[PDB]
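Undergrad:
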Amino acid sequence: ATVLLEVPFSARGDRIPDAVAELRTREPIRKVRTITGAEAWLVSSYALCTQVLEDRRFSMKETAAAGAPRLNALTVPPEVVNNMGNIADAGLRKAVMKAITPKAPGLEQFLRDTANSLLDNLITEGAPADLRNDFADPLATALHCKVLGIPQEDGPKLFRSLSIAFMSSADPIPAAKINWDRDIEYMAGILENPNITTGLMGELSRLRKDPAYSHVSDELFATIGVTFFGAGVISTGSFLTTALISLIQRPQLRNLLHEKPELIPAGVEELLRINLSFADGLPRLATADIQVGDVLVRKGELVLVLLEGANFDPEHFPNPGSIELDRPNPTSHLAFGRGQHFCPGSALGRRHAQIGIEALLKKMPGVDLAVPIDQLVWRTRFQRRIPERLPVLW
Ligand code: HEM
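Sequential numbering from 3 applies to the sequence shown in PDB author numbering.
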């Protein structure tokens with residue numbers, strides 16, 4: 003006798019398990035058990051993944067309902083699971099999205115200068131260099147401090163909440179609440195700080211005193227700062243780190259992008275497609291009885307949308323494990339989700355990775371792992387797949 007198949011399959015972000023293609027071929031919607039002990043439907047084909055993500059009756063908000071089957075424990079207050087919905091209901095969606103575009107004046111040059119400075123420091127210290135802790139994550143932290151309008155010196159402390167905030171735990175995490183409440187108090191102080199006049203927190207600080215938003219709670223204003231810092235920094239930092247591994251493991255692509263840097267955007271789109279940075283399927287709770295493939299999902303059941311199920315589906319992306327720079331459908335991957343909850347920072351995330359890779363290939367054209375790839379230590383029970391350190395030489 004065997005127990006029900008458990009998720010996640012592997013914390014390794016450098017290879018996709020063979021199980022994924024087996025599930026996709028044989029039962030693209032399949033029952034599994036999550037780390038909390040709950041049962042869930044794991045969806046692993048492009049067609050069914052997109053169906054679930056495009057049907058709002060599969061609700062993100064309702065995953066926070068008391069007594070629901072859970073992928074993992076909440077690390078935020080339950081209302082914050084509806085964060086973007088709360089922002090939209092507050093009339094703040096356009097302002098938030100405008101503040102996080104990479105097209106802001108001097109934002110791309112700041113990104114380039116910051117990446118170049120980080121890399122110069124690594125070259126001065128000499129190999130080996132840790133491309134996660136001393137490049138990708140500081141670059142992500144600096145970018146989001148600039149985008150939020152908060153002092154660069156405040157970034158490191160805010161960043162150090164994230165190894166706990168984005169845990170994927172069977173049980174509530176006391177440290178998550180300590181850090182959450184402290185980070186909220188910080189952002190509430192930012193809103194009352196007269197020096198904070200640029201970026202997202204500068205714009206929120208002004209809207210807060212605007213009569214058209216007098217009804218919006220101070221709770222939400224602070225929450226936007228904490229959540230956009232946290233989600234943006236952990237997602238861009240983790241993607242860039244694991245994208246650098248994918249690139250280092252493909253020296254022919256690395257040499258090509260070094261020689262023809264105009265291909266970097268198409269390369270990053272492929273690196274997004276094959277990226278394993280999301281450690282769990284995207285969770286949704288059915289609010290009605292809904293047919294998904296051969297399964298009638300019942301109201302109240304948990305559904306998990308496995309992004310690498312969709313992104314490695316050969317019926318949508320032929321030769322899916324291969325990086326092809328001339329695909330007919332290159333942005334049709336689900337690395338940023340799909341539908342109601344499509345990532346609002348997708349443009350910023352792309353530019354972070356493009357500029358990071360562009361600077362790295364210019365400064366370190368011969369970059370390569372300094373340890374055998376199996377020696378990378380993959381973080382467990384976390385919402386992202388990342389190596390704890392990424393040691394390279396050049
Ligand atoms: C390469 C970098 C990034 C990746 C791979 C990524 C991935 C994703 C994915 C897959 C979702 C959908 C989650 C779901 O449907 O359950 C999402 C949503 C979201 N992302 Fe991103 N993201 C990135 C960058 C960012 C940045 C830079 C920000 C903000 C500064 C951000 C903030 C958010 C927010 C607030 C949501 C929730 C949207 C909603 O519920 O409507 N992300 N992201």
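All C-beta atoms in this analysis are idealised placements derived from N, C-alpha and C, irrespective of residue type, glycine included.
Comparing C-alpha positions only, which one of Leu44, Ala144 and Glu271 sits nearest to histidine 335?
TA: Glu271
Undergrad: With a Cβ-Cβ cutoff of 8 Å, do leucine 284 and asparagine 88 count as a contact?
TA: Cβ distance not < 8 Å, so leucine 284 and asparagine 88 don't count as in contact.
Undergrad: Nearest CA to the CA of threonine 243: which residue from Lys211, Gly269, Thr229 and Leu278?
TA: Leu278
Undergrad: I need the straight-line Cα distance from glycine 227 to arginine 95, nearest angstrom please.
TA: 13 Å
Undergrad: According to DSSP, is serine 61 helix, strand or coil?
TA: strand
Undergrad: Using a threshold of 8 Å, state whether the C-beta atoms of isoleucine 388 and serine 240 are closer than that.
TA: yes
Undergrad: If we count the other Cβ atoms within 10 Å of its Cβ and call it buried at 16 or more, is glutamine 53 buried or exposed?
TA: buried
Undergrad: Check whether the region 38-45 and the region 62-73 are in contact - that is, three or more C-beta pairs closer than 8 Å.
TA: yes
Undergrad: Quick check on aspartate 91: does DSSP put it in helix, strand or coil?
TA: helix
Undergrad: Straight-line CA distance for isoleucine 18 to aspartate 91?
TA: 39 Å
Undergrad: Can you list, in chain order, the residues of its chain whose CB lies under 8 Å from that of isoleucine 175, leaving out five sequence neighbours each side?
TA: Same-chain partners within the cutoff: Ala75, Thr77, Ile166 and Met169.
Undergrad: Taking only runs of the alpha helix (DSSP H) that begin and end inside the region 123-201, which ones reach a length of at least 4 residues, in chain order?
TA: 139-150, 157-161, 164-167 and 176-193
Undergrad: Under 6 Å Cβ to Cβ from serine 47, same chain only, skipping five residues before and after it: list those, please.
TA: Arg26, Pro30 and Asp315
Undergrad: Going by DSSP in three states, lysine 33 sits in which element: helix, strand or coil?
TA: DSSP places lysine 33 in strand when its eight states are reduced to three.
Undergrad: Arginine 381 to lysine 211, Cα distance in whole Å?
TA: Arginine 381 and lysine 211: Cα-Cα distance of roughly 42 Å.
Undergrad: Indicate whether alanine 144 and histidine 354 have their beta-carbon atoms separated by less than 8 Å.
TA: no
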